[PDB]
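Below is run.pdb, holding PDB, C-alpha atoms and all ligand atoms.
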```
ATOM      1  CA  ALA A   1     -25.292   7.371 -16.740  1.00  0.00           C
ATOM      2  CA  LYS A   2     -22.736   8.551 -14.178  1.00  0.00           C
ATOM      3  CA  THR A   3     -19.599  10.091 -15.672  1.00  0.00           C
ATOM      4  CA  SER A   4     -17.074  12.247 -13.821  1.00  0.00           C
ATOM      5  CA  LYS A   5     -17.426  15.735 -15.378  1.00  0.00           C
ATOM      6  CA  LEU A   6     -14.539  18.288 -15.451  1.00  0.00           C
ATOM      7  CA  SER A   7     -12.604  15.521 -17.209  1.00  0.00           C
ATOM      8  CA  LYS A   8     -11.814  17.767 -20.147  1.00  0.00           C
ATOM      9  CA  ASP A   9     -11.941  21.397 -19.063  1.00  0.00           C
ATOM     10  CA  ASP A  10      -9.230  20.703 -16.508  1.00  0.00           C
ATOM     11  CA  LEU A  11      -6.603  18.777 -18.442  1.00  0.00           C
ATOM     12  CA  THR A  12      -7.162  21.292 -21.229  1.00  0.00           C
ATOM     13  CA  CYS A  13      -6.680  24.321 -19.001  1.00  0.00           C
ATOM     14  CA  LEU A  14      -3.256  22.865 -18.284  1.00  0.00           C
ATOM     15  CA  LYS A  15      -1.146  22.002 -21.334  1.00  0.00           C
ATOM     16  CA  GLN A  16       1.125  24.593 -19.761  1.00  0.00           C
ATOM     17  CA  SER A  17       1.390  25.243 -16.049  1.00  0.00           C
ATOM     18  CA  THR A  18       0.504  22.386 -13.731  1.00  0.00           C
ATOM     19  CA  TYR A  19       1.131  22.131 -10.002  1.00  0.00           C
ATOM     20  CA  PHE A  20      -0.128  18.555 -10.116  1.00  0.00           C
ATOM     21  CA  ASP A  21       1.247  16.056 -12.647  1.00  0.00           C
ATOM     22  CA  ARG A  22      -1.521  14.728 -14.927  1.00  0.00           C
ATOM     23  CA  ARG A  23      -2.092  11.472 -13.010  1.00  0.00           C
ATOM     24  CA  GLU A  24      -2.581  13.769  -9.991  1.00  0.00           C
ATOM     25  CA  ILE A  25      -5.336  16.197 -11.011  1.00  0.00           C
ATOM     26  CA  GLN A  26      -7.751  13.400 -11.869  1.00  0.00           C
ATOM     27  CA  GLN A  27      -6.594  11.787  -8.663  1.00  0.00           C
ATOM     28  CA  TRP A  28      -7.975  14.198  -6.086  1.00  0.00           C
ATOM     29  CA  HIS A  29     -11.058  14.468  -8.263  1.00  0.00           C
ATOM     30  CA  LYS A  30     -11.949  10.820  -7.806  1.00  0.00           C
ATOM     31  CA  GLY A  31     -11.492  11.464  -4.094  1.00  0.00           C
ATOM     32  CA  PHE A  32     -14.012  14.230  -4.481  1.00  0.00           C
ATOM     33  CA  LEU A  33     -16.683  12.088  -6.088  1.00  0.00           C
ATOM     34  CA  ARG A  34     -16.437   9.955  -2.971  1.00  0.00           C
ATOM     35  CA  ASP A  35     -16.885  12.706  -0.397  1.00  0.00           C
ATOM     36  CA  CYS A  36     -19.673  13.923  -2.648  1.00  0.00           C
ATOM     37  CA  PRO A  37     -20.986  12.376  -5.898  1.00  0.00           C
ATOM     38  CA  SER A  38     -22.495  15.728  -6.868  1.00  0.00           C
ATOM     39  CA  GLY A  39     -19.042  17.294  -6.681  1.00  0.00           C
ATOM     40  CA  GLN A  40     -20.054  19.629  -3.855  1.00  0.00           C
ATOM     41  CA  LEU A  41     -18.191  20.149  -0.594  1.00  0.00           C
ATOM     42  CA  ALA A  42     -20.372  21.835   2.041  1.00  0.00           C
ATOM     43  CA  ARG A  43     -19.196  23.475   5.259  1.00  0.00           C
ATOM     44  CA  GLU A  44     -20.431  20.558   7.372  1.00  0.00           C
ATOM     45  CA  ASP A  45     -17.983  18.283   5.592  1.00  0.00           C
ATOM     46  CA  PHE A  46     -15.078  20.714   5.602  1.00  0.00           C
ATOM     47  CA  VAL A  47     -15.701  21.286   9.301  1.00  0.00           C
ATOM     48  CA  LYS A  48     -15.287  17.560   9.818  1.00  0.00           C
ATOM     49  CA  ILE A  49     -11.907  17.540   8.048  1.00  0.00           C
ATOM     50  CA  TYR A  50     -10.316  19.773  10.651  1.00  0.00           C
ATOM     51  CA  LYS A  51     -12.432  18.655  13.604  1.00  0.00           C
ATOM     52  CA  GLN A  52     -11.043  15.199  12.820  1.00  0.00           C
ATOM     53  CA  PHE A  53      -7.341  15.998  12.519  1.00  0.00           C
ATOM     54  CA  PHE A  54      -7.431  18.401  15.461  1.00  0.00           C
ATOM     55  CA  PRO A  55      -9.965  17.441  18.124  1.00  0.00           C
ATOM     56  CA  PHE A  56      -7.661  19.091  20.654  1.00  0.00           C
ATOM     57  CA  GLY A  57      -9.377  22.465  20.987  1.00  0.00           C
ATOM     58  CA  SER A  58     -12.061  23.954  18.744  1.00  0.00           C
ATOM     59  CA  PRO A  59     -10.532  24.563  15.339  1.00  0.00           C
ATOM     60  CA  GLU A  60     -14.123  24.917  14.143  1.00  0.00           C
ATOM     61  CA  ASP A  61     -13.885  28.685  13.734  1.00  0.00           C
ATOM     62  CA  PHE A  62     -10.808  28.129  11.589  1.00  0.00           C
ATOM     63  CA  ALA A  63     -12.791  25.620   9.553  1.00  0.00           C
ATOM     64  CA  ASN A  64     -15.613  28.057   8.877  1.00  0.00           C
ATOM     65  CA  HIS A  65     -13.257  30.698   7.533  1.00  0.00           C
ATOM     66  CA  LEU A  66     -10.698  28.507   5.777  1.00  0.00           C
ATOM     67  CA  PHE A  67     -13.674  26.902   4.029  1.00  0.00           C
ATOM     68  CA  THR A  68     -15.402  30.149   3.126  1.00  0.00           C
ATOM     69  CA  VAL A  69     -12.084  31.292   1.700  1.00  0.00           C
ATOM     70  CA  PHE A  70     -11.058  28.112  -0.098  1.00  0.00           C
ATOM     71  CA  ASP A  71     -14.098  28.941  -2.209  1.00  0.00           C
ATOM     72  CA  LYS A  72     -13.187  31.716  -4.610  1.00  0.00           C
ATOM     73  CA  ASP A  73     -16.830  31.956  -5.624  1.00  0.00           C
ATOM     74  CA  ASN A  74     -17.938  31.907  -2.000  1.00  0.00           C
ATOM     75  CA  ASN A  75     -21.319  30.408  -2.910  1.00  0.00           C
ATOM     76  CA  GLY A  76     -21.542  28.193   0.189  1.00  0.00           C
ATOM     77  CA  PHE A  77     -20.314  25.088  -1.656  1.00  0.00           C
ATOM     78  CA  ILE A  78     -16.745  24.273  -2.640  1.00  0.00           C
ATOM     79  CA  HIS A  79     -16.413  22.580  -6.017  1.00  0.00           C
ATOM     80  CA  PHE A  80     -13.439  20.449  -7.058  1.00  0.00           C
ATOM     81  CA  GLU A  81     -12.076  23.216  -9.291  1.00  0.00           C
ATOM     82  CA  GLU A  82     -11.633  25.428  -6.233  1.00  0.00           C
ATOM     83  CA  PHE A  83     -10.328  22.638  -4.010  1.00  0.00           C
ATOM     84  CA  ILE A  84      -7.551  21.345  -6.259  1.00  0.00           C
ATOM     85  CA  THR A  85      -6.555  24.889  -7.200  1.00  0.00           C
ATOM     86  CA  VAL A  86      -5.728  25.472  -3.543  1.00  0.00           C
ATOM     87  CA  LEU A  87      -4.206  22.041  -2.913  1.00  0.00           C
ATOM     88  CA  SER A  88      -1.474  23.300  -5.233  1.00  0.00           C
ATOM     89  CA  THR A  89      -0.938  26.937  -4.269  1.00  0.00           C
ATOM     90  CA  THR A  90      -1.081  25.814  -0.654  1.00  0.00           C
ATOM     91  CA  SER A  91       2.043  23.801  -1.402  1.00  0.00           C
ATOM     92  CA  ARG A  92       4.242  25.081  -4.217  1.00  0.00           C
ATOM     93  CA  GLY A  93       3.739  28.264  -6.227  1.00  0.00           C
ATOM     94  CA  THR A  94       7.124  29.749  -7.100  1.00  0.00           C
ATOM     95  CA  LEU A  95       5.527  33.121  -6.416  1.00  0.00           C
ATOM     96  CA  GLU A  96       4.349  35.358  -3.585  1.00  0.00           C
ATOM     97  CA  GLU A  97       0.995  33.719  -4.235  1.00  0.00           C
ATOM     98  CA  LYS A  98       1.241  32.805  -0.573  1.00  0.00           C
ATOM     99  CA  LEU A  99       0.928  36.408   0.574  1.00  0.00           C
ATOM    100  CA  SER A 100      -1.989  36.904  -1.789  1.00  0.00           C
ATOM    101  CA  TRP A 101      -3.864  33.770  -0.773  1.00  0.00           C
ATOM    102  CA  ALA A 102      -3.435  34.860   2.832  1.00  0.00           C
ATOM    103  CA  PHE A 103      -4.984  38.238   2.058  1.00  0.00           C
ATOM    104  CA  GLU A 104      -8.186  36.556   0.946  1.00  0.00           C
ATOM    105  CA  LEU A 105      -8.263  34.679   4.239  1.00  0.00           C
ATOM    106  CA  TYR A 106      -7.681  37.838   6.300  1.00  0.00           C
ATOM    107  CA  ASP A 107     -10.669  39.399   4.522  1.00  0.00           C
ATOM    108  CA  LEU A 108     -13.919  37.621   5.335  1.00  0.00           C
ATOM    109  CA  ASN A 109     -15.837  40.141   3.254  1.00  0.00           C
ATOM    110  CA  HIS A 110     -13.125  39.608   0.644  1.00  0.00           C
ATOM    111  CA  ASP A 111     -13.965  43.147  -0.380  1.00  0.00           C
ATOM    112  CA  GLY A 112     -10.402  43.584  -1.621  1.00  0.00           C
ATOM    113  CA  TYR A 113      -9.809  45.262   1.726  1.00  0.00           C
ATOM    114  CA  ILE A 114      -9.341  43.741   5.152  1.00  0.00           C
ATOM    115  CA  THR A 115     -10.897  45.162   8.321  1.00  0.00           C
ATOM    116  CA  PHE A 116      -9.697  45.256  11.916  1.00  0.00           C
ATOM    117  CA  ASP A 117     -12.896  43.373  12.632  1.00  0.00           C
ATOM    118  CA  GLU A 118     -11.964  40.669  10.151  1.00  0.00           C
ATOM    119  CA  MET A 119      -8.308  40.359  11.104  1.00  0.00           C
ATOM    120  CA  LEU A 120      -9.311  39.795  14.720  1.00  0.00           C
ATOM    121  CA  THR A 121     -11.866  37.175  13.728  1.00  0.00           C
ATOM    122  CA  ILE A 122      -9.173  35.030  12.148  1.00  0.00           C
ATOM    123  CA  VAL A 123      -6.477  35.712  14.732  1.00  0.00           C
ATOM    124  CA  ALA A 124      -8.993  34.750  17.382  1.00  0.00           C
ATOM    125  CA  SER A 125      -9.562  31.502  15.509  1.00  0.00           C
ATOM    126  CA  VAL A 126      -5.947  30.475  15.372  1.00  0.00           C
ATOM    127  CA  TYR A 127      -5.874  31.365  19.065  1.00  0.00           C
ATOM    128  CA  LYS A 128      -8.500  28.818  20.073  1.00  0.00           C
ATOM    129  CA  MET A 129      -6.861  25.904  18.252  1.00  0.00           C
ATOM    130  CA  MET A 130      -3.441  24.702  19.383  1.00  0.00           C
ATOM    131  CA  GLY A 131      -1.653  25.176  22.719  1.00  0.00           C
ATOM    132  CA  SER A 132       1.452  26.898  21.352  1.00  0.00           C
ATOM    133  CA  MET A 133      -0.443  30.149  21.708  1.00  0.00           C
ATOM    134  CA  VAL A 134       0.336  29.586  25.374  1.00  0.00           C
ATOM    135  CA  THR A 135       4.108  29.626  25.069  1.00  0.00           C
ATOM    136  CA  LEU A 136       3.607  32.964  23.342  1.00  0.00           C
ATOM    137  CA  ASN A 137       3.604  34.320  26.956  1.00  0.00           C
ATOM    138  CA  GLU A 138       6.621  36.515  26.232  1.00  0.00           C
ATOM    139  CA  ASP A 139       4.858  39.752  25.330  1.00  0.00           C
ATOM    140  CA  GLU A 140       1.718  39.702  23.194  1.00  0.00           C
ATOM    141  CA  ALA A 141      -1.666  38.741  24.605  1.00  0.00           C
ATOM    142  CA  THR A 142      -5.253  38.148  23.682  1.00  0.00           C
ATOM    143  CA  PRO A 143      -5.899  38.546  20.016  1.00  0.00           C
ATOM    144  CA  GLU A 144      -7.515  41.982  20.467  1.00  0.00           C
ATOM    145  CA  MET A 145      -4.007  43.272  21.130  1.00  0.00           C
ATOM    146  CA  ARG A 146      -2.170  41.343  18.426  1.00  0.00           C
ATOM    147  CA  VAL A 147      -4.432  42.947  15.809  1.00  0.00           C
ATOM    148  CA  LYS A 148      -4.382  46.459  17.241  1.00  0.00           C
ATOM    149  CA  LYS A 149      -0.601  46.233  17.028  1.00  0.00           C
ATOM    150  CA  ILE A 150      -0.567  44.718  13.553  1.00  0.00           C
ATOM    151  CA  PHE A 151      -2.727  47.402  11.962  1.00  0.00           C
ATOM    152  CA  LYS A 152      -0.627  50.074  13.664  1.00  0.00           C
ATOM    153  CA  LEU A 153       2.362  48.138  12.319  1.00  0.00           C
ATOM    154  CA  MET A 154       1.134  47.173   8.844  1.00  0.00           C
ATOM    155  CA  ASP A 155      -0.957  50.310   8.298  1.00  0.00           C
ATOM    156  CA  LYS A 156       0.526  53.733   8.985  1.00  0.00           C
ATOM    157  CA  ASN A 157      -2.233  55.316   6.967  1.00  0.00           C
ATOM    158  CA  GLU A 158      -4.871  54.452   9.530  1.00  0.00           C
ATOM    159  CA  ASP A 159      -7.711  53.776   7.091  1.00  0.00           C
ATOM    160  CA  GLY A 160      -9.534  51.146   9.119  1.00  0.00           C
ATOM    161  CA  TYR A 161      -8.924  48.627   6.325  1.00  0.00           C
ATOM    162  CA  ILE A 162      -5.899  47.626   4.274  1.00  0.00           C
ATOM    163  CA  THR A 163      -5.443  46.451   0.703  1.00  0.00           C
ATOM    164  CA  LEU A 164      -3.406  43.658  -0.848  1.00  0.00           C
ATOM    165  CA  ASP A 165      -0.934  46.313  -1.932  1.00  0.00           C
ATOM    166  CA  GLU A 166      -0.142  47.576   1.544  1.00  0.00           C
ATOM    167  CA  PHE A 167      -0.669  44.117   3.006  1.00  0.00           C
ATOM    168  CA  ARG A 168       2.172  42.763   0.905  1.00  0.00           C
ATOM    169  CA  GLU A 169       4.543  45.556   1.874  1.00  0.00           C
ATOM    170  CA  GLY A 170       3.777  45.443   5.599  1.00  0.00           C
ATOM    171  CA  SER A 171       4.609  41.758   5.244  1.00  0.00           C
ATOM    172  CA  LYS A 172       7.860  41.952   3.295  1.00  0.00           C
ATOM    173  CA  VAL A 173       8.876  44.288   6.111  1.00  0.00           C
ATOM    174  CA  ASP A 174       8.889  41.504   8.706  1.00  0.00           C
ATOM    175  CA  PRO A 175      12.325  40.213   7.633  1.00  0.00           C
TER     176      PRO A 175
ATOM    177  CA  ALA B   1      10.277  49.999  17.646  1.00  0.00           C
ATOM    178  CA  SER B   2       7.613  47.373  17.012  1.00  0.00           C
ATOM    179  CA  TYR B   3       8.899  43.880  17.772  1.00  0.00           C
ATOM    180  CA  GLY B   4       6.815  42.557  14.880  1.00  0.00           C
ATOM    181  CA  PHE B   5       9.435  39.890  14.243  1.00  0.00           C
ATOM    182  CA  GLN B   6       8.318  36.808  16.138  1.00  0.00           C
ATOM    183  CA  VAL B   7       4.696  37.815  15.664  1.00  0.00           C
ATOM    184  CA  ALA B   8       4.937  37.634  11.883  1.00  0.00           C
ATOM    185  CA  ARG B   9       6.837  34.338  11.772  1.00  0.00           C
ATOM    186  CA  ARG B  10       5.072  32.255  14.438  1.00  0.00           C
ATOM    187  CA  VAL B  11       1.616  33.576  13.491  1.00  0.00           C
ATOM    188  CA  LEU B  12       1.870  32.681   9.811  1.00  0.00           C
ATOM    189  CA  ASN B  13       2.888  29.260  11.092  1.00  0.00           C
ATOM    190  CA  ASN B  14      -0.265  28.388  13.030  1.00  0.00           C
ATOM    191  CA  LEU B  15      -2.241  29.828  10.161  1.00  0.00           C
ATOM    192  CA  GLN B  16      -0.556  27.165   8.076  1.00  0.00           C
ATOM    193  CA  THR B  17      -0.551  25.096  11.245  1.00  0.00           C
ATOM    194  CA  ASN B  18       2.548  23.635  12.850  1.00  0.00           C
ATOM    195  CA  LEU B  19       4.693  21.114  11.010  1.00  0.00           C
ATOM    196  CA  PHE B  20       3.960  18.223  13.357  1.00  0.00           C
ATOM    197  CA  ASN B  21       2.631  17.632  16.861  1.00  0.00           C
ATOM    198  CA  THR B  22      -0.474  15.910  15.531  1.00  0.00           C
ATOM    199  CA  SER B  23      -1.805  12.357  15.492  1.00  0.00           C
ATOM    200  CA  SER B  24       0.990   9.890  14.773  1.00  0.00           C
ATOM    201  CA  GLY B  25       1.200   8.394  11.285  1.00  0.00           C
ATOM    202  CA  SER B  26      -1.004   7.604   8.278  1.00  0.00           C
ATOM    203  CA  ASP B  27      -1.450   4.322   6.423  1.00  0.00           C
ATOM    204  CA  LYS B  28      -3.746   2.589   3.945  1.00  0.00           C
ATOM    205  CA  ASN B  29      -6.533   1.490   6.265  1.00  0.00           C
ATOM    206  CA  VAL B  30      -9.293   4.084   6.428  1.00  0.00           C
ATOM    207  CA  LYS B  31     -12.350   3.243   4.344  1.00  0.00           C
ATOM    208  CA  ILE B  32     -15.712   4.269   5.769  1.00  0.00           C
ATOM    209  CA  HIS B  33     -14.247   7.707   6.433  1.00  0.00           C
ATOM    210  CA  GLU B  34     -13.952  10.307   3.681  1.00  0.00           C
ATOM    211  CA  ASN B  35     -10.714  10.361   1.713  1.00  0.00           C
ATOM    212  CA  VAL B  36     -10.835  14.128   1.173  1.00  0.00           C
ATOM    213  CA  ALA B  37      -9.904  14.714   4.807  1.00  0.00           C
ATOM    214  CA  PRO B  38      -6.678  12.661   4.926  1.00  0.00           C
ATOM    215  CA  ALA B  39      -5.570  13.966   1.523  1.00  0.00           C
ATOM    216  CA  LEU B  40      -5.854  17.623   2.429  1.00  0.00           C
ATOM    217  CA  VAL B  41      -4.624  17.585   6.009  1.00  0.00           C
ATOM    218  CA  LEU B  42      -1.766  15.174   5.485  1.00  0.00           C
ATOM    219  CA  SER B  43      -0.775  16.854   2.237  1.00  0.00           C
ATOM    220  CA  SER B  44      -1.441  20.557   2.816  1.00  0.00           C
ATOM    221  CA  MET B  45       0.370  20.204   6.124  1.00  0.00           C
ATOM    222  CA  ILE B  46       3.446  18.096   5.299  1.00  0.00           C
ATOM    223  CA  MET B  47       3.800  19.892   1.961  1.00  0.00           C
ATOM    224  CA  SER B  48       3.446  23.322   3.559  1.00  0.00           C
ATOM    225  CA  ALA B  49       6.212  22.440   6.010  1.00  0.00           C
ATOM    226  CA  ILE B  50       8.644  23.451   3.269  1.00  0.00           C
ATOM    227  CA  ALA B  51      10.102  26.953   3.248  1.00  0.00           C
ATOM    228  CA  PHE B  52      12.047  27.728   0.068  1.00  0.00           C
TER     229      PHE B  52
HETATM  230 CA    CA C   1     -17.677  27.521  -4.850  1.00  0.00          CA
HETATM  231 CA    CA C   2     -11.929  44.217   4.825  1.00  0.00          CA
HETATM  232 CA    CA C   3      -4.917  50.692   4.693  1.00  0.00          CA
END
```

Can you present the structure in this file as structure tokens?
Ligand SMILES: [Ca+2]
Ligand SMILES: [Ca+2]
Ligand SMILES: [Ca+2]
Amino acid sequence: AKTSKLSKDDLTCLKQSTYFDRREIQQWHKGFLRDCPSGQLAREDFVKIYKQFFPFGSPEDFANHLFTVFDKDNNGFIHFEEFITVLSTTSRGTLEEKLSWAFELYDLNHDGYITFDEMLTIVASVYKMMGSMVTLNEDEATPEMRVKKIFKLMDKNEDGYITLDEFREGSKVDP
Amino acid sequence: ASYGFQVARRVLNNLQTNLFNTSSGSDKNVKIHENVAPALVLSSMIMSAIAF
């Protein structure tokens, strides 16, 4: 009657790379069935994950984006496949996968190109979350500025939007 | 000529959220609550605290 699905396409996809020892992959899965027997994580739920571990301010905004991004398909529902995939990259990766994953987040439209409008959206989110943003005092200011400076710093081509290619460079330039 | 030093470091942090300054400690006790929340937060956060 009730099985567990993805109990073959996953383990098989591995047999090579695996940022989650066997006994692990099937582990989070079971945790998924709980949160949702139909293997479907909706925004409402995701929103509760953060709203629970950070009731301080209103990390909500960050939950709406982080969730919309965590979903590579961006269909409104996050399936286990997408969840676990991130649970790993989010941690180890042995590759600049971190800069790439970030790009997707900084691009709501995920149109391969980010937009000053999108960058701000996120920045504004991380602003209304913790209090550290306060200590920032020294220089910097509302998000509107942070972004205006970034683009002018990570985009000397002034094209309104940037691509993963330039995004990576502008980043590796921080150090 | 830009001062994009602290901005790049600190920012990326919050994005990945701080390393601590949250709740207190976890332990086998939760039940009625979803397990997907504790797994992600506790993991994604403590595991992301690493930096090559
Ligand atoms: Ca999806
Ligand atoms: Ca864009
Ligand atoms: Ca550009």

May I have the residues of chain A within 7 Å of chain B, counting only C-alpha atoms, written as number ranges by chain? A: 31-32, 35, 49, 87, 90-91, 126, 174

Written selection (C-alpha atoms) as a PDB file, keeping the file's coordinate frame:
```
ATOM      1  CA  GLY A  31     -11.492  11.464  -4.094  1.00  0.00           C
ATOM      2  CA  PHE A  32     -14.012  14.230  -4.481  1.00  0.00           C
ATOM      3  CA  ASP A  35     -16.885  12.706  -0.397  1.00  0.00           C
ATOM      4  CA  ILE A  49     -11.907  17.540   8.048  1.00  0.00           C
ATOM      5  CA  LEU A  87      -4.206  22.041  -2.913  1.00  0.00           C
ATOM      6  CA  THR A  90      -1.081  25.814  -0.654  1.00  0.00           C
ATOM      7  CA  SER A  91       2.043  23.801  -1.402  1.00  0.00           C
ATOM      8  CA  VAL A 126      -5.947  30.475  15.372  1.00  0.00           C
ATOM      9  CA  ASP A 174       8.889  41.504   8.706  1.00  0.00           C
TER      10      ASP A 174
END
```

Could you list, as an NGL selection string, all the residues within 10 Å of ligand CA 1 (chain C), counting only C-alpha atoms and all ligand atoms? :A and (40-42 or 67-83)

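The two atoms in question, atom CA of residue 114 of chain A and atom CA of residue 144 of chain A, are spaced 15.5 Å apart.
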
Per residue of chain A within 7 Å of ligand CA 3 (chain C), which atom pair is closest and at what distance in Å (one decimal), using all atoms listed in the file, listed by chain and increasing number, as a Markdown table?
```
| residue | atom | partner | partner_atom | distance |
| --- | --- | --- | --- | --- |
| A:155 | CA | C:CA3 | CA | 5.4 |
| A:157 | CA | C:CA3 | CA | 5.8 |
| A:158 | CA | C:CA3 | CA | 6.1 |
| A:159 | CA | C:CA3 | CA | 4.8 |
| A:160 | CA | C:CA3 | CA | 6.4 |
| A:161 | CA | C:CA3 | CA | 4.8 |
| A:162 | CA | C:CA3 | CA | 3.2 |
| A:163 | CA | C:CA3 | CA | 5.8 |
| A:166 | CA | C:CA3 | CA | 6.5 |
```

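Atom pair atom CA of residue 10 of chain A / atom CA of residue 89 of chain A: separated by 16.0 Å.
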
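Considering only C-alpha atoms and all ligand atoms, the residues that reside within 9 Å of ligand CA 2 (chain C) can be listed as residues 106, 107, 108, 109, 110, 111, 112, 113, 114, 115, 116, 117, 118, 119, 160, 161, 162 and 163 of chain A.
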
Interatomic distance, atom CA of residue 172 of chain A to atom CA of residue 130 of chain A (Å, one decimal): 26.2 Å

For this structure, which residues satisfy the selection - the PyMOL selection byres (((chain A and resi 29) around 9) and not hetatm) - when it is evaluated on the file as given? I want them as a ChimeraX atom specification. /A:4,6,24-28,30-34,39,80-81,84

Sel. within 8 Å of pt (0.8, 40.1, -3.2), counting all atoms listed in the file, output as a PyMOL selection string: chain A and resi 96-100+164-165+167-168

Please produce a file of the residues just selected, as a compact mmCIF listing (two decimals), keeping the file's coordinate frame, where the atoms kept are C-alpha atoms.
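Output file result-v5.txt is given in full below:
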```txt
# COMPACT_ATOMS: atom_id res chain seq x y z
CA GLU A 96 4.35 35.36 -3.58
CA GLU A 97 1.00 33.72 -4.24
CA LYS A 98 1.24 32.80 -0.57
CA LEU A 99 0.93 36.41 0.57
CA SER A 100 -1.99 36.90 -1.79
CA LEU A 164 -3.41 43.66 -0.85
CA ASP A 165 -0.93 46.31 -1.93
CA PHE A 167 -0.67 44.12 3.01
CA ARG A 168 2.17 42.76 0.90
```

Just so the selection is clear, what residues does the PyMOL selection byres (((chain A and resi 18) around 12) and not hetatm) cover here, as a PyMOL selection string? chain A and resi 10-17+19-25+84-85+87-89+92-94

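Taking only C-alpha atoms into account, those protein, DNA and RNA residues with any atom at most 7 Å away from (-8.3, 36.9, 19.5) amount to residues 120, 121, 123, 124, 125, 127, 142, 143 and 144 of chain A.
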